[PDB]
Amino acid sequence: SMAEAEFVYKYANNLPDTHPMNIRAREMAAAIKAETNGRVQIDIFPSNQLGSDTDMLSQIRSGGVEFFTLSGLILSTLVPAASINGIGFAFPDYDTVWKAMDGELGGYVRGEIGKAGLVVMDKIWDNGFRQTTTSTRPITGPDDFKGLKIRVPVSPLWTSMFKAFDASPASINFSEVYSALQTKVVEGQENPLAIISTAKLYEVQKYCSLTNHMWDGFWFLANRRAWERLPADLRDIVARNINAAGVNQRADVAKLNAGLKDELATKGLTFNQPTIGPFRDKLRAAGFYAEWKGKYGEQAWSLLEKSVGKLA
Ligand SMILES: CC(=O)[C@](C)(O)C(=O)O
Ligand SMILES: [Cl-]
């Protein structure tokens, strides 16, 4: 038989194999294997094949897997600073997002991730600005969130935000979301359009409300020991290829989130665009911005403010 590659590394993720994350990860793995002359093989385990997000967070820490893409908000139980990009209504556009995440704010978060003992690639991958879906009624204003049994990912930031909206959040890994919606364990969830599409959540929801309540992405994490075990030449090749795949993935995801509404509207989702201001007002009145300013500290909060104020 053919000898195994010297380094056979596992990359786990939580998304469908049809999402740009996985399309680009497959291109990335092929490029890496060729460029390292067969020395590095990245085996990809999409859509929670090896386990759920909370499981994989444990595994990237312990070395059970070598690579894992993860929202900073989920990561934030280990790295408290890493939820900072998810502050409600903070970023007005992608322009400010990438300048921040590829600039000083992202540098700050990456440094915090390093302090916790993980490696993280320079470029965060996209997920997108998040919308709401339900099987009950549309969300036209913040009053409609009262009592809503809404699924959220496991994170203090998501819990805080949806409690501030007077909803009843349930913390559930993405792997259980389709079934939880289908069976009405929960009444709704929130995610970018590209997720609603690729995970077919339109099959098990009726309404999509464009609440546009945060932007979030996926840090590309590496187990530190496994990263350091790669010789320097291979490390450089792997890092370059992961970041290149990320840049392409961002471009793919931006196009999907910009254009998917019309397609989703003919697949079993009825859309509405609520007026956004009252939602931001509700988070303010609930003390959400004051809470998180306190938790992140003045320096980090000032860095977030600097980041979102850009006009270009
Ligand atoms: C944060 C994240 O990984 C997802 C897929 O968007 C989610 O769990 O909803
Ligand atoms: Cl609409």
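Residues numbered from 1 in each chain as written, not as in the entry; some residues may be left out. Chains lettered and ligands numbered in written order. Heavy atoms only, no water.

Trainee: It is not clear to me how helix α4 (residues 94-101) should be interpreted in this structure. Could you clarify?
Mentor: An α-helical segment advances 3.6 residues per turn. Residues three or four places apart therefore align on the same side. Listed in full, the buried residues belonging to α4 are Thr 96, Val 97, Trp 98, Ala 100 and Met 101. Residues of α4 that are buried make contact with α5 (104-115), β5 (125-129), β11 (215-222), α10 (232-264) and α13 (298-308). One side-chain oxygen of the residue at the start of α4 lies 3.2 Å from the amide nitrogen of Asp 95, identifying that residue as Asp 93. (Buried < 20%, exposed > 50% of the residue type's maximum accessible area, 1.4 Å probe, protein only. Helix = DSSP H or I, 4+ residues; strand = E, 2+ residues; numbered from the N terminus. Contact = heavy atoms within 4.5 Å. Polar contact = N/O pair within 3.5 Å; in protein donor to acceptor, adjacent residues only side chain to side chain.)

Trainee: Any chance you could explain the pairing of β11 here in plain terms?
Mentor: A regular strand places its side chains so that they alternate between the two faces of the sheet. Among the eight residues that make up β11, eight are buried, leaving the element largely enclosed by the rest of the structure. By the bridge criterion, two bridges tie strand β4 (residues 119-120) to β11 in an arrangement that is antiparallel. Its bridge partner lying in β11, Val 120 is registered against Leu 221. Pairing of β5 with β11, which is carried by four bridges, proceeds in the antiparallel orientation. By the bridge assignment for β11, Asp 126 is matched with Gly 217. (Pairing = 2+ DSSP bridges.)

Trainee: Is there a simple way to think about the nonpolar core in this case?
Mentor: For soluble globular proteins, the rule of thumb is that nonpolar side chains tend to be buried together. Grouped together as the largest cluster of nonpolar side chains are 54 residues, with contacts concentrated most on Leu 75, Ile 87, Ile 113, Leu 157, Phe 162, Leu 221 and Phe 288. At five residues, helix α6 (residues 156-164) tops the list of elements feeding residues into this core. Not counting residues within four places of it along the chain, the set of residues in contact with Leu 157 comprises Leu 73, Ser 83, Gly 86, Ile 87, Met 214, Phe 288, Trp 292 and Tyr 296. Counting residues in hydrophobic clusters, the runner-up holds 46 residues, among them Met 28, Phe 67, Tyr 202 and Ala 245. (Core = buried A, V, L, I, M, F, W, Y, C linked by side-chain atoms within 4.5 Å.)

Trainee: Help me understand the environment of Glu 203 in this model?
Mentor: Along the chain, the position of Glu 203 falls in the loop between α8 (193-198) and β10 (207-209). Each C-alpha atom of the pair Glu 203 and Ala 265 lies 12 Å from the other, and the pair is 62 residues apart in sequence.

Trainee: Teacher, can you tell me more about unusual backbone geometry here?
Mentor: Trans peptide bonds make up most of the peptide bonds, and negative phi angles are found at most residues other than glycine. Although it is not a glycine, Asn 37 adopts a positive phi angle of roughly 50°. With respect to the secondary-structure elements, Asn 37 resides in the loop between α1 (20-35) and β2 (40-45). The backbone phi angle of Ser 47 is positive, close to 50°, even though this residue is not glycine. Secondary-structure assignment places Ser 47 in the loop between β2 and α2 (53-62).

Trainee: Would you mind showing me how to read the UniProt feature "binding site: (2S)-2-acetolactate" (unreviewed entry) in the protein chain here?
Mentor: The UniProt record annotates "binding site: (2S)-2-acetolactate" (unreviewed entry) at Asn 14, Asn 127, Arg 130, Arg 151 and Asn 191. Structurally, the position occupied by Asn 127 is in strand β5. Accessibility expressed as a relative area gives 5% for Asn 127, which makes it buried. With residues near it in sequence (within four places) discarded, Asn 127 still touches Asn 191, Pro 192, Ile 195, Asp 216, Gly 217, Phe 218, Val 253 and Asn 257. Turning to its location among the elements, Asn 191 is positioned in strand β9 (residues 188-191). Ignoring sequence-local partners within four residues, the contact set of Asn 191 consists of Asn 127, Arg 130, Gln 131, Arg 151, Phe 174 and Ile 196. For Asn 191, the side chain forms a polar contact with the side chain of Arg 130, separated by 3.2 Å. (UniProt positions renumbered as here; feature names shortened; annotations may be inferred.)

Trainee: Explanation requested: the site of ligand 1 in the structure shown.
Mentor: Taken together, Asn 14, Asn 127, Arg 130, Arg 151, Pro 153, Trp 158, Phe 174, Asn 191 and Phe 218 make up all the residues around ligand 1. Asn 14 is positioned with one of its side-chain polar atoms (N or O) 3.0 Å from an oxygen atom of ligand 1. Between an oxygen atom of ligand 1 and a side-chain N or O atom of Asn 127, the distance comes to 3.0 Å. Residues that form the shell around ligand 1 fall into these classes: four nonpolar, three polar and two charged. (Near = heavy atom within 4 Å. Nonpolar A, V, L, I, M, F, W, Y, C, P; charged D, E, K, R; others polar.)

Trainee: How should the pairing of β9 be read in this particular structure?
Mentor: Taking every second residue as pointing to the same face, both faces of β9 are buried, with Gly 188 and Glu 190 on one and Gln 189 and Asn 191 on the other. Here four bridges tie strand β6 (residues 131-134) to β9, and the two strands are oriented antiparallel to one another. Bridge pairing in β9 links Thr 132 to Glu 190.

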